[PDB]
$ cat final-v5.txt   # compact mmCIF, C-alpha atoms
# COMPACT_ATOMS: atom_id res chain seq x y z
CA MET Q 1 -5.55 -4.74 10.56
CA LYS Q 2 -4.89 -6.33 7.16
CA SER Q 3 -5.66 -9.70 8.74
CA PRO Q 4 -6.90 -11.09 12.08
CA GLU Q 5 -4.51 -8.93 14.21
CA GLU Q 6 -1.46 -9.78 12.07
CA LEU Q 7 -0.64 -6.40 10.53
CA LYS Q 8 -1.40 -4.04 13.44
CA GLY Q 9 0.84 -6.51 15.34
CA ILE Q 10 4.12 -5.55 13.63
CA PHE Q 11 2.96 -2.10 14.56
CA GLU Q 12 3.35 -2.74 18.32
CA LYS Q 13 5.91 -5.57 18.32
CA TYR Q 14 8.90 -4.42 16.21
CA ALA Q 15 7.62 -0.88 15.71
CA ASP Q 16 7.67 -0.99 19.55
CA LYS Q 17 11.14 -2.60 19.89
CA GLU Q 18 12.61 0.81 19.05
CA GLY Q 19 10.32 3.57 20.35
CA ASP Q 20 6.51 3.52 20.42
CA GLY Q 21 4.98 0.57 18.58
CA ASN Q 22 3.18 2.96 16.25
CA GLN Q 23 6.33 3.74 14.22
CA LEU Q 24 8.93 1.54 12.47
CA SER Q 25 12.50 1.73 11.20
CA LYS Q 26 14.78 -0.42 9.01
CA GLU Q 27 15.77 -2.65 11.96
CA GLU Q 28 12.11 -3.66 12.41
CA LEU Q 29 10.70 -4.01 8.88
CA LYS Q 30 12.83 -7.00 8.01
CA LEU Q 31 11.77 -8.78 11.22
CA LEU Q 32 8.23 -8.39 9.86
CA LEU Q 33 8.32 -10.73 6.86
CA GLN Q 34 10.83 -12.91 8.76
CA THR Q 35 8.03 -13.72 11.23
CA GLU Q 36 5.20 -13.77 8.68
CA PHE Q 37 7.07 -14.39 5.39
CA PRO Q 38 10.78 -13.44 5.47
CA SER Q 39 11.03 -13.59 1.65
CA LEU Q 40 8.23 -11.01 1.27
CA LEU Q 41 10.89 -8.31 0.88
CA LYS Q 42 11.75 -9.04 -2.76
CA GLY Q 43 11.52 -6.52 -5.64
CA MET Q 44 15.34 -6.80 -5.83
CA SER Q 45 17.63 -4.18 -4.21
CA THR Q 46 15.31 -4.75 -1.24
CA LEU Q 47 16.27 -4.24 2.43
CA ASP Q 48 16.29 -0.55 1.51
CA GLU Q 49 13.97 0.36 -1.40
CA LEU Q 50 11.13 -0.66 0.89
CA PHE Q 51 11.92 2.38 3.01
CA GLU Q 52 11.78 4.91 0.15
CA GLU Q 53 8.74 3.18 -1.37
CA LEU Q 54 6.81 4.49 1.65
CA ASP Q 55 8.39 7.77 2.81
CA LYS Q 56 11.39 9.85 1.66
CA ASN Q 57 12.32 11.73 4.85
CA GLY Q 58 10.85 9.76 7.76
CA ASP Q 59 14.45 10.08 8.95
CA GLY Q 60 14.79 6.30 9.09
CA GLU Q 61 11.34 5.71 10.64
CA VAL Q 62 8.10 4.50 9.02
CA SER Q 63 4.88 5.51 10.75
CA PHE Q 64 1.65 3.58 10.06
CA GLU Q 65 1.02 6.21 7.37
CA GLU Q 66 3.92 4.79 5.31
CA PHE Q 67 3.50 1.25 6.68
CA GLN Q 68 0.26 1.00 4.65
CA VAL Q 69 1.92 -0.04 1.42
CA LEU Q 70 2.95 -3.07 3.53
CA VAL Q 71 -0.46 -3.66 5.10
CA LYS Q 72 -1.49 -5.19 1.75
CA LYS Q 73 1.50 -7.53 2.06
CA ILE Q 74 0.22 -9.66 4.98
CA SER Q 75 -3.30 -10.63 4.40
CA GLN Q 76 -3.06 -13.00 1.40
$ encode --input "final-v5.txt" --output "structure tokens"
Amino acid sequence: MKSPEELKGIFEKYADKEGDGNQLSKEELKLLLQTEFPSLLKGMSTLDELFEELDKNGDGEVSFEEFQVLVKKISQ
């Protein structure tokens, strides 16, 4: 969605590796940049503050409602 089928993709590929492909988790956010740009998860203390930067109780999941702050991280 943020690019030619590059953002909505994570949301069906890794978001799908776990349950539906319309929700994410910590084991499928990292794989995102890794495929597109692994070092996109900077901001220091990353690998975790990317989860709270979107939701605060997803329960370890990130639906496309919280995966939006990342949608502006692919296009470029």
$ residues_around --input "final-v5.txt" --residues "segment 33-42 of chain Q" --least-positions-apart "2" --cutoff "10 Å" --atoms "all atoms listed in the file" --output "ChimeraX atom specification"
/Q:6-7,10,28-31,44-50,70,73-74
$ closest_residue --input "final-v5.txt" --among "Q:2, Q:64, Q:51, Q:57" --to "residue 21 of chain Q" --atoms "all atoms listed in the file"
Q:64
$ atom_distance --input "final-v5.txt" --atom1 "atom CA of residue 59 of chain Q" --atom2 "atom CA of residue 12 of chain Q"
19.4 Å
$ residues_around --input "final-v5.txt" --residues "residue 69 of chain Q" --least-positions-apart "3" --cutoff "9 Å" --atoms "only C-alpha atoms" --output "PyMOL selection string"
chain Q and resi 53-54+65-66+72-73
$ closest_residue --input "final-v5.txt" --among "Q:52, Q:4, Q:71, Q:60" --to "residue 27 of chain Q" --atoms "all atoms listed in the file"
Q:60
$ atom_distance --input "final-v5.txt" --atom1 "atom CA of residue 5 of chain Q" --atom2 "atom CA of residue 58 of chain Q"
25.0 Å
$ atom_distance --input "final-v5.txt" --atom1 "atom CA of residue 56 of chain Q" --atom2 "atom CA of residue 22 of chain Q"
18.1 Å
$ residues_around --input "final-v5.txt" --residues "residue 67 of chain Q" --least-positions-apart "6" --cutoff "9 Å" --atoms "all atoms listed in the file" --output "list in words"
residues 11, 23, 24 and 54 of chain Q
$ decode --input "final-v5.txt" --residues "segment 8-32 of chain Q" --atoms "N, CA and C atoms" --output "short mmCIF file (atom, residue, chain, number, x, y, z; two decimals), in the first residue's frame"
data_model
loop_
_atom_site.label_atom_id
_atom_site.label_comp_id
_atom_site.auth_asym_id
_atom_site.auth_seq_id
_atom_site.Cartn_x
_atom_site.Cartn_y
_atom_site.Cartn_z
N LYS Q 8 1.57 -3.60 1.91
CA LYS Q 8 0.49 -4.60 2.15
C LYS Q 8 1.08 -6.01 2.10
N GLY Q 9 2.23 -6.18 1.48
CA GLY Q 9 2.85 -7.53 1.40
C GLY Q 9 3.23 -8.03 2.79
N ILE Q 10 4.03 -7.30 3.52
CA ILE Q 10 4.40 -7.77 4.89
C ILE Q 10 3.12 -8.21 5.56
N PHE Q 11 2.12 -7.44 5.34
CA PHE Q 11 0.78 -7.75 5.89
C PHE Q 11 0.06 -8.86 5.10
N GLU Q 12 0.67 -10.01 5.01
CA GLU Q 12 0.08 -11.17 4.31
C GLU Q 12 1.18 -12.24 4.26
N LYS Q 13 2.41 -11.78 4.28
CA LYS Q 13 3.59 -12.69 4.28
C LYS Q 13 3.96 -13.06 5.72
N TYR Q 14 4.59 -12.15 6.43
CA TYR Q 14 4.98 -12.43 7.84
C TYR Q 14 3.74 -12.31 8.71
N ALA Q 15 2.99 -11.26 8.56
CA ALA Q 15 1.76 -11.13 9.38
C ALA Q 15 1.00 -12.45 9.24
N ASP Q 16 1.16 -13.12 8.11
CA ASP Q 16 0.45 -14.41 7.86
C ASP Q 16 1.24 -15.60 8.45
N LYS Q 17 2.54 -15.50 8.54
CA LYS Q 17 3.34 -16.63 9.08
C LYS Q 17 2.74 -17.08 10.41
N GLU Q 18 2.34 -16.15 11.21
CA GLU Q 18 1.74 -16.52 12.53
C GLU Q 18 0.27 -16.89 12.31
N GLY Q 19 -0.61 -15.95 12.42
CA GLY Q 19 -2.05 -16.25 12.20
C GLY Q 19 -2.47 -15.62 10.87
N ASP Q 20 -3.57 -14.92 10.83
CA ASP Q 20 -3.98 -14.29 9.54
C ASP Q 20 -2.77 -13.52 9.03
N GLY Q 21 -2.89 -12.90 7.89
CA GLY Q 21 -1.76 -12.08 7.37
C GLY Q 21 -2.19 -10.63 7.51
N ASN Q 22 -3.18 -10.40 8.33
CA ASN Q 22 -3.68 -9.03 8.54
C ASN Q 22 -3.26 -8.56 9.94
N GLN Q 23 -2.44 -9.34 10.60
CA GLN Q 23 -1.95 -8.94 11.96
C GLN Q 23 -0.48 -9.36 12.08
N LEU Q 24 0.28 -8.65 12.88
CA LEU Q 24 1.73 -8.96 13.02
C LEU Q 24 2.09 -9.30 14.47
N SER Q 25 3.36 -9.46 14.72
CA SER Q 25 3.85 -9.77 16.06
C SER Q 25 5.33 -9.36 16.06
N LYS Q 26 6.06 -9.65 17.09
CA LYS Q 26 7.49 -9.25 17.12
C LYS Q 26 8.32 -10.21 16.25
N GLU Q 27 7.87 -11.42 16.07
CA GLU Q 27 8.65 -12.39 15.25
C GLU Q 27 8.39 -12.16 13.76
N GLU Q 28 7.69 -11.11 13.41
CA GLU Q 28 7.41 -10.88 11.96
C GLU Q 28 7.55 -9.40 11.60
N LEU Q 29 8.08 -8.60 12.48
CA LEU Q 29 8.27 -7.17 12.16
C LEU Q 29 9.73 -7.04 11.70
N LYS Q 30 10.60 -7.70 12.40
CA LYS Q 30 12.01 -7.73 12.07
C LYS Q 30 12.18 -8.28 10.65
N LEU Q 31 11.55 -9.39 10.36
CA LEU Q 31 11.68 -9.98 9.00
C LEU Q 31 11.30 -8.92 7.96
N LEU Q 32 10.48 -7.98 8.33
CA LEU Q 32 10.08 -6.92 7.36
C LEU Q 32 11.33 -6.21 6.85
#
